[PDB]
């Protein structure tokens, strides 16, 4: 189950720009301590890993981690079982995993001075934000409160520390520059399929509107909904009658229409309440966010698209968290992704 035969593997950097400090560089002067004087800095580049099987079948898959994560989540589960990288190389796809700009091996743009500041210019904010273990526990629906599991949970219990250790902050790089890096990757790769997660859901939809090479999207538990500009439907507040979901992203209709040209599937796990749940903010947040996504998919289908919502419990899979691809039944989750690729001919040459 763990063996993989690779025709080739490797990694590379793509995308980004440069920024420059004041003055000139003199090789005769002390180079340490490091200075911005005469300095060129490469910023906002992205790390890319690939593994290619012998005799690939169909399109390469680009796995795009969610918010605060890295390509680790596609390599292995917190308890050390094979991730989707291994499973889909075994399924004879070439597999790309990325660390987007600002995360993991992607660039974090900081210099000599307060975090993110290049002399007088703020490239990213000095003040950061970051989830806690407690916030991520309820965000990912391990259970209703930190330290508590849903009875049906597919989470790999006992490996909580390993799981939360994979998460971290992201600097305030513009989403435009994150999308730009992936568009450049998609141009380099050729026709491919994006597999996204949580925060990278909306970003992958945006990439598809810029990149005809994206031939399909599967988004696990996307966090932000997308609509044509000026056509955001009525979305209710949360059950506390104060909070809202993430403001939906709006794009010009001429770009939105490109989403109708490819098959798109959104995948949701379990324990999302059907009814208002004022006691558990993130459970209720997922209820309304999933509802908003259902309207987004409907809008795509009204433009001639083929956009679907897969609730894993309807396929017989119970208890999945917001990371179904690292849960205990992730082989069965992978099978459903293989089914989608096969239905749409994305596993054929």
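Residue numbers count along the first chain shown, from 1.
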*Looking at the deposited entry, does 77-85 or 243-251 carry the larger mean Cα B-factor?*
243-251
*Residue stretch of maximal mean CA temperature factor, 99-107 vs 117-125*: 117-125
*Return the residue from 312, 43, 31, 322 that has the highest Cα B-factor in the entry.*
31
*Compare the CA B factors listed in the entry for 275, 154, 271, 224 and report the winner.*
275
*According to the PDB entry, is the CA B factor of residue 204 in the bottom, middle or top third of its chain, that is, lowest, middle or highest?*
lowest
*What third of its chain, lowest, middle or highest, does the C-alpha temperature factor of residue 170 fall into?*
middle
*Sorting the chain's modelled residues by C-alpha B-factor, tell me whether residue 330 ends up in the lowest, middle or highest third.*
lowest
*Lowest, middle or highest third of the chain for the C-alpha temperature factor of residue 70?*
lowest
_Lowest, middle or highest third - CA B-factor, residue 140_ = lowest
